[PDB]
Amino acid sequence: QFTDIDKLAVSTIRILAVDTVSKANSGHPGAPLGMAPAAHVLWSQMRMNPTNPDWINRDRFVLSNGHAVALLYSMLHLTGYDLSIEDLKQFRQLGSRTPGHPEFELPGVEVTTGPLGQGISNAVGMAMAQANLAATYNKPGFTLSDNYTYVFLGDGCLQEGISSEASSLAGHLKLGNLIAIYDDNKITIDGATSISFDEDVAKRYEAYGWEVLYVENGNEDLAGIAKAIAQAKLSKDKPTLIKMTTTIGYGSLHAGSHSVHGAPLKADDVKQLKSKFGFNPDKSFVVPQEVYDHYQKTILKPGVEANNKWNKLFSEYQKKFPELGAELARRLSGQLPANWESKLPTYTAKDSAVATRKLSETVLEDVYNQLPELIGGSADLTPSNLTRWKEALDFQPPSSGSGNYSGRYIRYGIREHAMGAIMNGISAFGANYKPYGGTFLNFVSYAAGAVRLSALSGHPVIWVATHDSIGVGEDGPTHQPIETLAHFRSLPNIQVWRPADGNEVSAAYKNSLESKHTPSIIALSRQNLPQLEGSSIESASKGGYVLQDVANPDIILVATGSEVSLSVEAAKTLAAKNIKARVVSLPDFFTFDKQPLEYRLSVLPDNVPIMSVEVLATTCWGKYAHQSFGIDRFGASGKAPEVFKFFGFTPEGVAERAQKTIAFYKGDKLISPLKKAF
């Protein structure tokens, strides 16, 4: 029941957001000024503990419309999370804790948003991840997970294909604890939504399978909002959209203009707004004691009490259910099982040639039983990507009769970007979740918005990217990656592995699965590739290593994936004409650059021409080679062996070019490419 202090709390939130922006002289005031009534009614009612932003059973909230940050920064400060008035007084300034869009890193900021469509897609991950933790561990008497996921989204989030892909998926999956409040404010940048966004959101979300509720006066009606969120929590097998109509800039002298969406309210306009709300036009960053006190009784102190009950419950759970207790206790400590690597496969030059894609399949068979925290799937290619383990159970709603919520094989359907960002949500949940998803390497580029965010945030999701090259063959150039790895090798903090054989696939799985902050893309072959006399998990784990050495080489050939194989074979050719080639396999530039310089330079030295072999774009190879053999044009639809021969990637074709590079450079001295001047 909302009293006058509930109306004083909401004026302090709107004005503190307004002051935060206008101090920085940069920012978005409109959506924070309009959603403040909702942020109050929701947080007031959210089971959280601000002294411990990591409790696993915390109600999670994602502000999908990340430009409204001053609303999250104000909510976080007033409800006793770690953020201060000086932090807010340094909004959007260099080296502050308050950047212009929310970053995962910070406390009580659950994922990082600002790309539109990303937050609501992340909250689907979080609710899936919760459905599973609860099905796995919750025993009768010990309901350890049951948190809700509350999301704030705007018109930009609904316009973007990804929220639509995600919402189709949340709907099918019956994700009943996922409440989305849509700030239906009839404005975006260009102007009004009637100019470009005018479809029936409600009829669209109902088609998906979502329950849609409505709040006619979201600017003033705390009462309404409270009853909607309340009925929304009765939605046990439907996600809910609450279409809450508000006014952009509410209170501002230009409320409803498109002008209050992304620039600070002009001085006087903040003064009239302070007056109208009962605050002083000449004072800033003012918070009444009454507000601090209110959220202390309403949120801080009961959340702590809830956290503390959850802890006693988890210890009797541990006493009762000693091994489930154990397993969850570890996932929460964030440890991978003691010595899990001992179940990763190892091969010899003696074992059969198998496509790196089938070798990926075999790892996933040996680690699913070892890691209850590994949930993953495919975006409609389970057969093609060799991405499921034989003894799996799909993540599905119990009524489907074709899986249940404890399943760990997710079927994402043809939805790459959404797969990408749901993966970040599962990851951002906690309890050591290790998410992965399979697709064809070429279409990971459809997911680029979400993949950059796994890198910026530092979320360890794994992309199992199959069909990595022209070896795809007859599907032709719409489906042969040329630029994909180059691109992702310019992205900071992502590991773009490309395993060449058995042992290079297990090292690629062990560093990805051991990663705590870098995402990963493992590019895998369609075609059969042999096992190398020289590969080993141990060496490939370094990201680049000498596969075959010669004493005193004429050339060093660095190759990745299928080309390593071709290179060894080109090296027998050159050997026969008395050229001594050293062959270096570089499975990952990331991991490799993480090595100490002395190690790297022992692989790639001074005074030796270095020529690289990779069937994709030569442009990222300048940091390791002197000359590069690669494909800088699009592919061709033919039987794959003919496509490689057509492009020249043959033992003698590589060899011929190795010869031409030796000749080109005879008599010069050559600095290693790794060496830099500053």
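Heads up: residue numbers just count along the shown sequence, starting at 1.
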item	value
Of 312-320 and 406-414, the stretch whose C-alpha atoms average the higher B-factor in the entry	312-320
Entry-level comparison of average CA B-factors, 283-291 and 322-330, reporting the higher stretch	322-330
Candidate residues 353, 431, 299, 523, the one whose C-alpha B factor the record puts highest	353
C-alpha B-factor winner, where the candidates are 221, 588, 206, 237	237
Third of chain Cα B-factors occupied by residue 395	middle
Lowest, middle or highest third - CA B-factor, residue 24	highest
Where the record places residue 548 (Cα B-factor, split into thirds across the chain)	highest
Residue 660, C-alpha B-factor rank within chain (lowest, middle or highest third)	lowest
Within-chain third of residue 251 by Cα B-factor, per the entry	highest
